[PDB]
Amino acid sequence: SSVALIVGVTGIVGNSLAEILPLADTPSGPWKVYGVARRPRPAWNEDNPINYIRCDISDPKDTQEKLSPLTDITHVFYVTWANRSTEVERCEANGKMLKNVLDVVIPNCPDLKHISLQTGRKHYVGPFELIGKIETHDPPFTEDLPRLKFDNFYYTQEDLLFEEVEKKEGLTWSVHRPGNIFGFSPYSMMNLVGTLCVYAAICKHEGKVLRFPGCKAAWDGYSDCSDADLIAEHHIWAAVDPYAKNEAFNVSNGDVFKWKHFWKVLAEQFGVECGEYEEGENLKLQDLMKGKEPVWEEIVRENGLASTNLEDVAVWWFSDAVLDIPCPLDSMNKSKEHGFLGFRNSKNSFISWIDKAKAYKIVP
């Protein structure tokens, strides 16, 4: 029987894994599912038939307590991280988090088959504070080129993963590298779609034009993205397909787009006048949206929305870090050569995730 541990179940990918793993048509099903996060279970995560567990995986004592009784786990899906002010601090905090989970699950789960680790495109472009400032390999990024000669918590987690799986014979791993994720999660630390929806809603409320808060290269250069459900399918495929074992894979939608085109779609979905890129202007959402909490409360009250905190539902720093840089492309050749043919139309994915935020009454 298949039993999953989703580590970060209320996250942008964890929440897709919570909806997909229990479905009857899912490979290796029927799946029993345990979902871990620190907060109490939110209302928008309830619609999934998972066993929700409150646990802080940065706490070794808490991890030992909550996870040691889950002896029936066969597959681990690790979809979480902790942000710190520098990459060296991110290596320490994220290495400990992964090690705390693995040190407990491996000796306590005799039927444990696979550990799926989510990382990302920063494997190739570098940590947040070095992006655009270092020499990278040339795009499209392929999986097995050498690591950058700078600290990166993904390299720490991979090396920890490789040495952890040695403790159990027949234990396999996979690494999943998405770019910017289009998904649903009002609790995610990095939710571009959710943040853009809140921005569009505020513009509609204040009768302002939907100004583009990014650079020229993000506006009219090519971009790509990774649909959250597609990433969830990619985790599952690697977890059950023996030809996918012990490999790192990119996971992006299979097409490209331009923010210039998606700007129309976003404006049309919230009934706002479509603004554009302005050759001046250096617009930042972190600055534009400072002190909009009362305006968000007006929007919440007037449209019968779920009660959310502006700071949870709109991570302004992340939307600015995304739109103020070029989006170098990655390659899906390794995934496709291994039998994974999943893909998404990125524009349809974008509309689908906007509509999910609306359907859960997060935005108007």
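A residue's number is simply how far along the shown sequence it sits, counting from 1.
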item	value
Residue range whose averaged C-alpha B-factor is higher in the record, 339-347 or 20-28	20-28
Selected stretch [higher average CA B-factor]: 244-252 or 265-273	265-273
Given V125, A238, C197, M289, the residue at which the Cα B factor reaches its maximum	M289
Among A43, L323, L329, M332 - the residue whose C-alpha B-factor is largest in the record	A43
Relative C-alpha B-factor of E169, binned into the chain's lowest, middle or highest third	highest
Third of chain Cα B-factors occupied by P139	middle
Third of the chain's Cα B-factor distribution that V105 belongs to, per the entry	highest
Chain thirds of CA B-factor: placement of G120	lowest
Within-chain third of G207 by Cα B-factor, per the entry	highest
